[PDB]
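I am attaching a structure below and will ask some questions about it afterwards.
Letters are used for the chains, namely A, B, C, D and E, taken in the order the chains are written, and counting of residues starts over at 1 for each.
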Amino acid sequence: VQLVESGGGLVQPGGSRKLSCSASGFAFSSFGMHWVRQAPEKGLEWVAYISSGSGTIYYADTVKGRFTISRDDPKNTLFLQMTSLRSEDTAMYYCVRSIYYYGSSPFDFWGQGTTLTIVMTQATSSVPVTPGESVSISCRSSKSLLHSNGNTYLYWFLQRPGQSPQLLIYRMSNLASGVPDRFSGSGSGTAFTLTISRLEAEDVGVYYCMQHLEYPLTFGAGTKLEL
Amino acid sequence: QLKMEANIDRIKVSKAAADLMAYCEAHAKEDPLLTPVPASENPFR
Amino acid sequence: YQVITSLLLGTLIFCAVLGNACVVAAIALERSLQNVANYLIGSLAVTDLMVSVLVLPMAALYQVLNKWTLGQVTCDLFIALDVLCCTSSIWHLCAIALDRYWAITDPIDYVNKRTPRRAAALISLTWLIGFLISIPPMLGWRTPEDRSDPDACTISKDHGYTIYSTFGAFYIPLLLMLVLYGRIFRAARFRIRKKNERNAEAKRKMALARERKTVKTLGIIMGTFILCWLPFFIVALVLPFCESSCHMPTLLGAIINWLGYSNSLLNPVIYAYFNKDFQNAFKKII
Amino acid sequence: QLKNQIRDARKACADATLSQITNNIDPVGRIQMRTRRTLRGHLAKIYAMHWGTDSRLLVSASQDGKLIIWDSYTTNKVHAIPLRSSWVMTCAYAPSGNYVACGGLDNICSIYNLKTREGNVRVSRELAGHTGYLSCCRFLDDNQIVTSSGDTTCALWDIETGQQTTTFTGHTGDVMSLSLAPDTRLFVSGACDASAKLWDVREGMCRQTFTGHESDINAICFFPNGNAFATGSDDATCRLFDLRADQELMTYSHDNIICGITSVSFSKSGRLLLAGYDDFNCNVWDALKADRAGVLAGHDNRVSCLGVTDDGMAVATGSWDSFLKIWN
Amino acid sequence: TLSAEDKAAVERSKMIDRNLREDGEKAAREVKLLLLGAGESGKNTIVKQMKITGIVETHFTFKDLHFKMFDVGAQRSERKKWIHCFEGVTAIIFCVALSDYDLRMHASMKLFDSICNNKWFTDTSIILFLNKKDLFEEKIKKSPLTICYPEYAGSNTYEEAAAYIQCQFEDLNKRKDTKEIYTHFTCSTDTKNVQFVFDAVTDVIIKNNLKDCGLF
């Protein structure tokens, strides 16, 4: 399955630009839709969300109204209406897919991204690694993420340098599919860490720790790993 | 055909019944349908 | 003396509220009673309870107390609710007749396109007619005659109003029901007409049964709807004209204007308490 | 001729009834089984259901051309799988939570992949090898599927090959039910001849025959210990049989019930079993005391299928009214 | 429960319900017909003229009315365990070949009686058909008919014989106040066979609709 997006470029401040993400190989009419933006030097920042058939549409505080959203089931074409851009709106807008029910794998498959020009904090920005050793990264949350249903709305994301990120562990205790089946995590309320067992090649990247308990969809400050 | 089923290992029903009763009495503590579990730990509430 | 009138009126109001509530309760708690016809019957039942609760007790007060002692605004409220509820309780009968006629005259409509939107359209239309009839007295057209004296909570006696209301509220439904149920009668008569000797004998006796049952049903519906109103409207149409029957007996007028209310009690019986599906549902839920 | 000797051995090996042993055991009294939720999505009558492996999901397949996947805790519908043939009489949930298979009057029971990179359910392998309708096609592994047909033959398959590796024969009538042992090593089935035969998967031929009914059978289940099973037919007679002793143990019947059965199941420890009768009621019976533990109302037409999760938290019953009630 | 996960979950459940409701509405403006009969009674010719690996399906269109005919003869199984799927069908089309009286038609009689008086098919009207009247004509003018059943003595006229066949077929149903049967003669080449089914279906719909109003 493939997801491709367009609409990027340069627009003068105060202008308007239309953003799209073409669909192929799947049913857009049965999937949600989300948008996450990342600064060229910062972490991710969520934008909006659309349920199936645009039944529900939320936004963040800073994007409430000024960036409206839509969808097109018959044509499988995505729309992002934008106007009056400023300097702080430039980021990598990532065509992110997801589904929501028991057994879900939200944020599983990601698009390439577009080039257009509860507080969560991560302990350490950068940690060197060496092959064959074991290194762990910890994540701390201001408020307990355990909800009444027992589902810990914690996710860890890894982005290979220069490539779209993947889902690695969702719910802080369940392992995503397609992973090398080595990573693991454990902890308790607001006390969590990611344990890498027998680190190997091609594991250099950036790990992201985001909340989903409430709905501001705020991410961590970033975690860099280098050889 | 009929011969192979005709010659089978057969036991008395007594120890079979004893086995069923033993398993039933050992796990009778774990029939959430049977023993009324307090509502603090049933997620259908 | 007054105690007997009070108890009788209380019994009637209790019966009205009970029947109109039970019908809606039975319809609203089952899934086998939610087709278009039964929606129409239930909506008619709901308008009946409105009339009962909001109008019957005040009218009983006006009767036993023998005067009006509530004020001009209250009198206008009462007369208004009376007109609207009793005029939307009439036209639902002709709406139901129209439904049955469209069911019998062309099956292709009955299968290919029949959505529960039609019930809503018809109910809205009937309440629209009620709204149209009851507003003119409030807007104007009221006589400047004195009404502050006790027991003056009567209805305007303008000739033009008392002819326009009478036609547009009772007589047009009479013709509509006459014509539509006559055509249904003709079709239903056509279908029945259109060793082996015993087969013929069975055919004849079956036909004799089915040519009598239709007469009975159509007769009972027509007879109730005409007998429970027409005397009141002919009375209300003759007296304002040429001061006819100057010594009009008010004791008879009591029955004349009690038939219109009694239609509320009578209506649910013929339309709802005969359908086999309602009988079975009532047996089930009880 | 050997039948007489087998019957003589059967009557020689049986000496006592379970009632004698239970007579020293007091019953567990009355338990209050109250509904918790109600599932309302189906229009036509429903025909099957299969509990998940994590005690939270189930599927049900109906005649309106749809089979549907629920979340049992919040009553949220998650999957709607459109069909090809409006005649569907069976359904199954894979133990690994990956596949669902269903099939009816057309001589097939298809295969659906749930966890797909596509993101939508597709048909993978159309298994066409019978000359009759399929009453039940369960799952052994993620790669071996066992089908039972109205063709008077139970067929063990292999999804990737597409062709049946083994075939089972031996029923004069047509089988309508099939059940698996916990160890995935044996399985049993029964047919309209009122006989149930213990089928082996290793060598592919039956071992023993179980009789005692006089009508067609409707559903069966193993005892959770992996040694016994109980059966249900249209004669209002649930019967209990075990692998080892090869005998009749307890007859589950009553004088005030005259309608048939449609599905059966056991509780976690096997203390009590279920039976959803034709009078649109269920009936919990003490599996040892052999007395009616309670009766469940809630439907109107007729029970079609029921089951209990692995952990014992829940039980869900289905009926021709197209309503699923979750009990506790 | 105030989290995006379960809000999205209930959103998806609501839309699944709405889609199912729309589909269930769409698939009800349609008349379903159970085409039943013996194997060599002339079903296939019926199929062709009407049109103008187990259960077989069929589709129509005729003056703004949609039919659906199933064929349940291809597979041989326990009929008692798959017949209840067919409740709510408007009419049953029973196809019979006339020529085969002397070749069987007794078995057709036994099948007709079994299918009409079903407890699950109590209130469904029956359309009948009679095929291959030509070869019936040649057979009756070549050979007598009493060999089929000696209890009948009468002329060798085709009219009397055909009338006796019709009466014998029609006298089987035990209940008549709710169920009525239509007959029809076909010579394997007719342009007036779809019209008979259209008229029978229309009559069925009308006689049912008049029942709930209290008339009929």
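Keep this in mind: a contact is a pair of C-beta atoms (placed from the backbone, for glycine too) under 8 Å apart; a residue touches a chain by one contact, two chains touch by 3 or more.
A count of contacting C-beta pairs for D-E and for A-E identifies D-E as the more extensively joined pair. Comparing per-chain C-alpha centres with the mean over every protein C-alpha atom, the closest match is chain D.
With centres defined as mean CA coordinates, chain E is found 35 Å away from chain D. Look at where the CA atoms of chain A average out and do the same for chain E: the two points lie 60 Å apart. Distance between chain centres (mean CA atoms), chain A to chain C: 65 Å. Averaging Cα coordinates per chain places chain A and chain B 49 Å apart. In chain A, the residues that touch at least two other chains are 101, 149.
Within chain C, not a single residue touches two or more of the remaining chains. Each of the following residues of chain D touches two or more other chains: 71, 73, 76, 78.
Annotation, chain-chain contacts: A-D, A-E, B-D, C-E, D-E (touch as defined at the top). The touching residues of chain A, when paired with chain E in their complex, are 32, 49, 51-53, 55-56, 58, 100-101, 104, 147-149, 151, 153, 212-215, 217. Of all the residues in chain D, the ones that touch chain B in their complex are 2-3, 5-6, 9, 13-16, 18, 21-22, 25, 28, 31-33, 36-37, 73, 206-209, 223, 225, 227-228, 242, 244-247, 249, 267-272, 284, 287-288, 308, 311-315, 326, 328. By the touch criterion given at the top, residues 37, 100, 103-104, 107-108, 110-113, 184, 188, 191-192, 196, 199, 202, 206, 210, 213-214, 217-218, 274-275 of chain C touch chain E in their complex. On the side of chain B, the complex with chain D involves touching residues 2-6, 8, 10-14, 16-21, 23-24, 27-28, 30-34, 36, 42-45. The touching residues of chain E, when paired with chain C in their complex, are 29, 31, 64-65, 167, 171, 176-177, 202, 205-207, 209-210, 212-216.
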